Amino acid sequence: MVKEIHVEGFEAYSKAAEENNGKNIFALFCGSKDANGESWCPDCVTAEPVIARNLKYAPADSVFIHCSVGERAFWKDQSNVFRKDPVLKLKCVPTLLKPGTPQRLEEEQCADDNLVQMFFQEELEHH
C-alpha cells in the first residue's frame, strides 16, 4: 500500500516531500477543500475518485502527497510559489506529478483511469 499524506500549502508539501526523501513520491495538487470537503476546483472533485481507485498501481515504498494549493484567489495569482517553483512549475490544478520527472497529468487527464494507472506505473511517454 502507498503512504498517503494530505497537506495544505507549499511549506507543508515541502516538509512532507523532504521527510519522505528516500521514497517514490507521487503528488496531487488540487484546490483547497471547503467545510463540506469539496475542492473549489470542479476538475479536482472529478479526479479524486479516479485517483483513489488507481492508487493500488503505485510501486512498493511509494508516498502519495495530496497537496491543497490554497483558495482560488491565491491559485489565480500567476506569481504563486506552485507556478514559479522551478521543479513543480504547475500550469493548472489538478496536476498529478512525480516531482523531478516528466510523469505529469493535468486537468481532464487526472480523471482518466488508463492515464492515472500509467502515471502511478511511470509509463507515460513524452515524444
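For every residue, the number given is its place in the sequence shown, counted from 1.
**Student:** For the C-alpha atoms alone, is the average B factor greater in 95 to 103 or in 63 to 71, going by the entry?
**Tutor:** The stretch with the larger average C-alpha B-factor is 95 to 103.
**Student:** When the C-alpha temperature factors are averaged for each of 111 to 119 and 5 to 13, which stretch ends up with the higher value in the entry?
**Tutor:** Mean C-alpha B-factor is greater for 111 to 119.
**Student:** Using only the C-alpha B-factors in the record, can you name which of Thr46, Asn54, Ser79, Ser32 has the highest?
**Tutor:** Across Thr46, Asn54, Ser79, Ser32, the entry lists the biggest C-alpha B-factor for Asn54.
**Student:** Reading the B-factor column of the entry, which of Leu28, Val50, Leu88, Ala58 has the highest value at its C-alpha atom?
**Tutor:** That would be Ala58, according to the entry.
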